[PDB]
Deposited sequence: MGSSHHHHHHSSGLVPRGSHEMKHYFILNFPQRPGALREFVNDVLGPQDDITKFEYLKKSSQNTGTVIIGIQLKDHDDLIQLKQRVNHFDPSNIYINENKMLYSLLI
């Protein structure tokens, strides 16, 4: 239910405003935002919405890295 990513936020201004209002859903909530590599944890109301979120993250940052797929990154970062 808590899914973690690693992104390189664009230096383009208003990117986080674009991320909150477009990349994420209304019921989705950011649970982590630690440092331009940024670690971010997002909680999902339903697991059936994860795949579409992954696609939107790839549009925002093609350099995105899903943490939960690599166990070592999960143990080290989370």
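The deposited sequence has C-alpha coordinates everywhere except the stretches 1-21, 57-64.
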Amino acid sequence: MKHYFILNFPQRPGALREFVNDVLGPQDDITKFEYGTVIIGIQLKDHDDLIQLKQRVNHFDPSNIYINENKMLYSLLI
From here on, numbers count along this sequence of modelled residues.
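Per the PDB record, of the two stretches 21-29 and 57-65, 21-29 carries the greater mean B-factor over its C-alpha atoms.
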